[PDB]
Every structure is written in C-alpha cells, then in structure tokens.
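Sequence positions, counted from 1, serve as the residue numbers for this chain. No hydrogens, no waters, no symmetry mates; every other heavy atom, side chains included, goes into these values. Whatever order the structure lists ligands and atoms in, that order sets their numbers, starting from 1.
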Amino acid sequence: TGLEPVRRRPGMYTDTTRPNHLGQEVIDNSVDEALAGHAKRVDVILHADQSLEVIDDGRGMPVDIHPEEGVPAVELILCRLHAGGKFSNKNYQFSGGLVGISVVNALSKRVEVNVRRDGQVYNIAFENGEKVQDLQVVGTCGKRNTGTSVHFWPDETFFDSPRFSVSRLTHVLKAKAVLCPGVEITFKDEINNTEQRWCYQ
Ligand SMILES: Nc1nc(-n2ccnc2)c2nc(-c3cccnc3)sc2n1
Ligand SMILES: [Mg+2]
C-alpha cells in the first residue's frame, strides 16, 4: 500500500518519541469541524491499554462512494498519504500546517472509525495500515446524532515509548478550547482515573 514508506521511516512523518502527535492529528481534524461551526463538543479518551479515542459531534467523516475508485470517502482519507505535511534538511525541519489521519493508520496495530450520519452508525476498521473491515452499518441512532469517533492503538515498535504524555496531551486540548471559543473539549484518563473539561467564553 502507499502507506508503506511511513512504516519504513516513521520519523519522517511523525514524532516517534511517544504517540502524542498521532493523537494531535486526530484532534486537529475534530477541531477543524468545530472551527467551521459543525461540532460543539470534542471528547478525548486515553484508554487503559494506552489507545486513544477522539470523538466529535460534527457532520461525520464523509461516507459517499467516489465513482472513479468505487470506495467510500472515509477509506480514501484513511489510506491516502498526503505529501509535504512534514519535511527536513540538515539545517531545517517543518511540520505540519493546514499531516493526515493516514499516518495514524500506517503506525497503528488497529484503527476503528465510527461515523454517525443520517440516523445510521457506520463502521470501518484497519490493522497495521491495512483494511480489515469494510464500511458497514452496525447500528442506528437519532437523525440529529451525527459525528465521528476515531479509536486507534499505536504500534509500540514505532515509538521510543508507547505511553501518551498526559501533560502534553492536556495542554494541546486546553490550547484547542482557547482557539475555538464555545467548543467544549473533554479528556478522560482511564489510566490516572481523572476527568477534565475546558470551555472558553
Ligand atoms: N473529525 C472529522 N474529521 C474529518 N476529516 C476530514 C479529513 N480528515 C479528517 C472530517 N471531514 C468531514 C467532512 C468532510 C467533507 C464533507 N463533510 C464532512 S466531518 C469530519 N470530522
Ligand atoms: Mg499553549
């Protein structure tokens, strides 16, 4: 797959110290929904197995079939590597700017995406960068209840430590609530057994 280079050279796509930047890529997407005026709340969850889950009540990642590839948008998004999200020379390094949940995919033993759209609950799954589960309807919900959950398990062999840095995570989420006044951002640490909420009028 086109995600192959990311797994050969993870350091050229992410910070391989710890999986935090993976987390920040998913959060950025949910906060983009808030910025356009579609999500009001972003819930983040550090699970006890050191996986991260990021839920927003936005429109839902798009699930329409692109005709030329005959696959749902959400899959294109998760599988397509974007160029120029991170770059380097021996004097200068940049990242990321206006990147990709696809690097999260490439560097995860599992990813699960759930999308609430039009009263349907859609599900797609990935393992080691490869699709293990086709987009499918696994439940129903209210027509008003829309948005996206991304749940991912970082592959520890790509990082110096598989552990999320709690203080780096929490500052990011605080920073995002400041950037988007009125959005509610929550963090639930199933490890340290804490609950946190930020909202700025
Ligand atoms: N969390 C999230 N992330 C999205 N995304 C887009 C690209 N990478 C992540 C996203 N896209 C949405 C969308 C995109 C186009 C049309 N309608 C909705 S809602 C959404 N919600
Ligand atoms: Mg700050």
Peer 1: Any atom of ligand 1 sitting under 4.0 Å from a heavy atom of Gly58?
Peer 2: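 Distance cut 4.0 Å: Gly58 fails for ligand 1.
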
Peer 1: For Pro62, take its heavy atoms, then give the atoms of ligand 1 lying under 4.0 Å from any of them.
Peer 2: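 Those atoms are 11 (N), 12 (C), 13 (C), 14 (C), 15 (C).
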
Peer 1: Answer yes if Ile77 and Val115 sit in the same cluster of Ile, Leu, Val, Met, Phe, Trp and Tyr residues linked by side chain heavy atoms under 4.5 Å apart, and no otherwise.
Peer 2: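 Yes; tracing contacts between hydrophobic side chains, which count when under 4.5 Å, links both residues.
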
Peer 1: Note the single closest protein heavy atom to atom 16 (C) of ligand 1, along with its residue, its atom name and the distance in Å.
Peer 2: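 Of the protein heavy atoms, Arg59 NH1, 4.0 Å lies nearest.
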
Peer 1: So which N/O/S atom does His171 have closest to the Mg ion (ligand 2)?
Peer 2: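 The nearest such atom is NE2.
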
Peer 1: Quick one: look up the protein heavy atom nearest atom 4 (C) of ligand 1 and list residue, atom name and how far away it is.
Peer 2: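 The protein heavy atom lying closest is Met61 CG, 3.7 Å.
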
Peer 1: Testing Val99, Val150, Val103 one by one against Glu25 for a side chain to side chain contact (heavy atoms under 4.5 Å, CB included), which residue passes?
Peer 2: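 Looking at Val99, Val150, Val103, the match for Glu25 under the side chain to side chain contact (heavy atoms under 4.5 Å, CB included) is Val99.
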
Peer 1: Assess the side chains of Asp155 and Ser108: does a donor N or O sit below 3.5 Å from an acceptor N or O?
Peer 2: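 Note: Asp155 and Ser108 side chains miss the donor-acceptor criterion.
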
Peer 1: Using a 3.5 Å cut-off on N or O atoms only, is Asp56 in polar contact with ligand 1?
Peer 2: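 Yes, there is a polar N/O contact under 3.5 Å.
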
Peer 1: Taking C-beta and beyond as the side chain, do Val31 and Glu33 meet within less than 4.5 Å on heavy atoms?
Peer 2: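 Side-chain contact under 4.5 Å: no.
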
Peer 1: Aromatic rings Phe87 and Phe94: how do their planes relate, parallel, tilted or perpendicular, breaks at 30° and 60°?
Peer 2: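 Answer is parallel, since the angle falls under 30°.
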
Peer 1: Taking only heavy atoms of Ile77, which atoms of ligand 1 are found under 4.0 Å from at least one of them?
Peer 2: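 Listed by number with element, the hits are 7 (C), 8 (N).
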
Peer 1: Indicate the ring-plane relationship of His47 and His151, choosing parallel, tilted or perpendicular according to the 30° and 60° boundaries.
Peer 2: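 Plane angle under 30°, so parallel.
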
Peer 1: Hey, could you give me the CG/CD distance between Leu76 and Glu68, rounded to the nearest 0.5 Å?
Peer 2: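 Taking CG in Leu76 and CD in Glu68, the distance rounds to 11.5 Å.
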
Peer 1: Which ligand 1 atoms are under 4.0 Å away from a heavy-atom of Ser30?
Peer 2: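 It comes down to these atoms of ligand 1: 1 (N).
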
Peer 1: If you define the side chain from C-beta out and look only at heavy atoms, does anything of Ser149 sit under 4.5 Å from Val54?
Peer 2: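 They are not in side-chain contact.
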
Peer 1: Please report which non-hydrogen protein atom sits nearest to atom 20 (C) of ligand 1, along with the residue it belongs to and the distance in Å to one decimal place.
Peer 2: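 Of the protein heavy atoms, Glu33 CG, 3.6 Å lies nearest.
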
Peer 1: Considering only non-hydrogen protein atoms, determine which one is nearest to atom 19 (S) of ligand 1 and report residue, atom name and distance to 0.1 Å.
Peer 2: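 So the nearest neighbour among protein heavy atoms is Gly60 O, 3.2 Å.
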
Peer 1: Tell me which one of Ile101, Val99, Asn29, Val26 gets a heavy atom nearest to atom 3 (N) of ligand 1.
Peer 2: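 Nearest option to atom 3 (N) of ligand 1, by heavy atoms: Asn29.
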
